[PDB]
Amino acid sequence: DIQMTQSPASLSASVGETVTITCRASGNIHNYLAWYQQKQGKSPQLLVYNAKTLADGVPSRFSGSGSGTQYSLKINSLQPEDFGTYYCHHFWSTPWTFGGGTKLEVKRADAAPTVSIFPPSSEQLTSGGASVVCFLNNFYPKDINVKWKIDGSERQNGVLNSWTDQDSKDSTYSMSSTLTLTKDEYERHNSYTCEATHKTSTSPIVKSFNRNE
Amino acid sequence: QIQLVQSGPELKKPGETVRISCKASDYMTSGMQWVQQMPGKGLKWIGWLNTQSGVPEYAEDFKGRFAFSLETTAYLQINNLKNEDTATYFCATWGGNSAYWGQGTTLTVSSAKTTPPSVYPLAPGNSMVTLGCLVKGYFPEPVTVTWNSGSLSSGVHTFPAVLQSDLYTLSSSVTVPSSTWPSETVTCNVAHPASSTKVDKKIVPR
Ligand SMILES: C[C@]12CC[C@@H]3c4ccc(O)cc4CC[C@H]3[C@@H]1CC[C@@H]2O
């Protein structure tokens, strides 16, 4: 069985630039390779097959090359619809394995997150629960860390986080951080603080509130 | 144009069986394949079916519990379902100068009982103000969230749900001018098709 090693796993670039994605087979696949593009979970779309033949409707700025065990997809003068994930797929012998994929994202200027903190709602409090929510919206680059503090002390348990994919409109990222507590637990403390650590600042970017106010 | 349509979302329990159909507008012409994609993961080839010889070929990890059939409609049958089969399944074929993939079919395999979400308003403790809605404890995925029945679409993004003890939770963020809220009402609409549920939560200032 032949496996495909695709690289790089992640790539960042801007409209107008050129990028190259490569795939290497563990055994000769004699040009039996296809390249696919996938947008936010949707059905993958064929770009090139047989290593170098462009599929119908595929812009000529896309081109595949290689032979034996080494192949690559070249994309020059990137267009905004070119950002997403790419996968190579050999079909020389079963199993027709896929490469691990390459995530191509938009490169833009750094942006500090806009932080918003939200105390538990009265409805949830009445039901006995207390979720404190923190939004870290529209920042770039994607790497970021969140740290919660209750009465000045860091809290680590009860925290669940989620991250959006790059925004198709402003190319930024967003993150939500939720600290779930019981009503009693939540009312045993006063100050709740959400702190983000991002490259846009050597200091924490914070937002907090006092249960009393 | 050649179009492959797949059957709707599936919800099953560990150990059960599921059949996913793939119906082509036309059609035996060249053979087809099925592909699996686990949440947030890459594409994984399940196998392909030589529509000519009727002979199928499966990838190691799928032999035994996954079977291809054809009746024109193509089928993917999975028995002895495990939680790990939770993913989106695609059927695909090819011909001429291209390939044709179906829209995909999502499958969720879990012991969890379909449970509607509890929706909570997220209001502030500037010229702009960010509001939100917490959608907690629902199963299975997904839920659709809109603001003011879709009238409020700009400055909006809904975070992916996280799974906490068989149940999913997510939140949605919306940013509007302070001159709009609370003067004008802002409401999030949450729909959970699996339980045929629809909930509206007005964002009221503290
Ligand atoms: C469907 C694939 C891309 C499209 C390829 C194609 C595309 C056009 C055609 O006339 C024949 C073939 C044969 C192999 C196909 C490939 C098998 C693996 C890959 O996913």
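Chain letters run A, B, ... following the sequence lines, proteins first, then strands; residues in each count from 1. Atom set for the values below is all heavy atoms of this structure, side chains included, hydrogens, waters and symmetry mates excluded.
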(request) Anything in residues 164-174 of chain B with a heavy-atom distance to chain A below 4.5 Å? Please list those residues in order. (result) B:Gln164, B:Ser171, B:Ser172, B:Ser173
If I measure from the heavy atoms of chain A, does [X] come under 4.5 Å with its side chain, its backbone, both, or neither?
X: B:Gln37; value: side chain
X: B:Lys201; value: side chain
X: B:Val204; value: neither
X: B:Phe159; value: both
X: B:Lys136; value: side chain
X: B:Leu134; value: side chain
X: B:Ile46; value: neither
X: B:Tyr100; value: neither

So which atom in [X] and which in [Y] form the shortest heavy-atom distance, rounded to 0.1 Å?
X: A:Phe118; Y: B:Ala123; result: CD2-O, 3.4 Å
X: A:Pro119; Y: B:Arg206; result: O-NH2, 2.7 Å
X: B:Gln33; Y: A:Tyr36; result: NE2-OH, 4.1 Å

(message) Tell me whether B:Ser98 contacts the main-chain N or O of A:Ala55 through its side chain, where contact means a donor paired with an acceptor under 3.5 Å.
(response)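 No; judged by distance alone, with no hydrogens or angles, the pair does not exist.
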(message) Can a donor-acceptor pair be found, under 3.5 Å and without considering hydrogens, that links the side chain of A:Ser43 to the backbone of B:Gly102?
(response)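 Between the backbone of B:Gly102 and the side chain of A:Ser43 there is a qualifying donor-acceptor contact (under 3.5 Å).
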For [X], is it the side chain, the backbone, both, or neither that has a heavy atom closer than 4.5 Å to a heavy atom of chain B?
X: A:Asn161; result: backbone
X: A:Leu47; result: neither
X: A:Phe91; result: neither
X: A:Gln45; result: neither
X: A:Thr114; result: neither
X: A:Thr85; result: neither

(message) Any donor-acceptor pair under 3.5 Å linking the side-chain atoms of B:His157 with those of A:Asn138?
(response) no
(message) Measuring from atom CH2 of B:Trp45 to atom OG1 of A:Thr94, what distance do you get when rounded to the nearest 0.5 angstrom?
(response)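 With rounding to 0.5 Å, CH2 (B:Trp45) is 4.0 Å from OG1 (A:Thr94).
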Which of [options] touches chain B most, by non-hydrogen pairs under 4.5 Å:
options: A:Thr97, A:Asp165, A:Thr53, A:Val133; value: A:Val133
options: A:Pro120, A:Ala34, A:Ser127; value: A:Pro120
options: A:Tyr87, A:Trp163, A:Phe209; value: A:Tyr87

(request) Determine whether the aromatic ring centres of B:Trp94 and A:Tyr49 lie less than 6.0 Å apart. (result) no
(request) Quick one: which of B:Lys41, B:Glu60, B:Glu57 has the most heavy-atom pairs under 4.5 Å with chain A, could you say? (result)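 Highest number of heavy-atom pairs under 4.5 Å: B:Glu57.
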